[PDB]
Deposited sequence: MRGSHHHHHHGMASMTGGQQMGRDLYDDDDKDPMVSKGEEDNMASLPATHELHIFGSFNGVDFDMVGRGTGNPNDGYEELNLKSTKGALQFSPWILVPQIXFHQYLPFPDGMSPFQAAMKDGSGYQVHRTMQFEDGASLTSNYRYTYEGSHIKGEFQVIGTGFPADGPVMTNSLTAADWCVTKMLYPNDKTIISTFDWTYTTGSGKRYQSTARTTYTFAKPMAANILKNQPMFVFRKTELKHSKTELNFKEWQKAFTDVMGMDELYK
């Protein structure tokens, strides 16, 4: 019906075969790409660094340079989209996820399944040694009118000073075609910053986004 004002997320799955589950609510601004979110565990203490859930934890808040993003258009007309993300880490770990949304006016309900495996017991994720996520640029292309393929190199800083790297690849599938003005402008880049304050069981997340085809 309209652009998003609020949202809620049920995020669940497993890391190294041990189940996790978090729920919570959030808000954001569709005019500038800002979004905020609180999450609490429903199954006790998290076994892994909560930073590994960034960027898992809402592009319906992202505007484009000259109008609505395809994500925003898909929310307004109700046809929507599905997300499918893969992340391969330097130390052999793999993190795959799928996002499903439903829309109630200006409210979004997220159901995000997230499966992580192969994270070494002594690596930065399982030892809670991640400190921050690097600022990041995503490259988006449109191989057809109902598909976005997004790529970025994702890196955390760790307590040792070494970075922890992964190669991210995200596919968006739309039920209806994206508008002609979106498809004409390829590639579309998105710069993003994130912040996360976390405990063993709870986290508060913030994101800022800016889309651009050109910086000159």
Deposited-sequence ranges lacking C-alpha coordinates, in sequence order: 1-43, 101, 261-267
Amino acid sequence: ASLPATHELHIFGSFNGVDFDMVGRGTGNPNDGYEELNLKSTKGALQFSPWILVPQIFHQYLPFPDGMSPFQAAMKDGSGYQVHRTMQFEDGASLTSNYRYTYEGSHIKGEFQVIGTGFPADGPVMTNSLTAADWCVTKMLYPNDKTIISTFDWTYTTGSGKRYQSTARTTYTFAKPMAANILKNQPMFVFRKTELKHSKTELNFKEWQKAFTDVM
From here on, numbers count along this sequence of modelled residues.
Of 169-177 and 24-32, which one has the bigger average CA B-factor? 24-32
Of 100-108 and 123-131, the one with larger mean CA B-factor: 100-108
Quick one: which of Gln56, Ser69, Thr158, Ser150 has the biggest Cα B-factor according to the entry? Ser69
From the entry's CA B-factor values, the highest among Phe189, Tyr164, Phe64, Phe48 is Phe64
Within this chain's modelled residues, let me know which third the CA B factor of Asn144 belongs to: lowest, middle or highest. middle
Chain-relative CA temperature factor third for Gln82: middle
Position of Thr194 among the chain's modelled residues by C-alpha B-factor, lowest, middle or highest third: middle
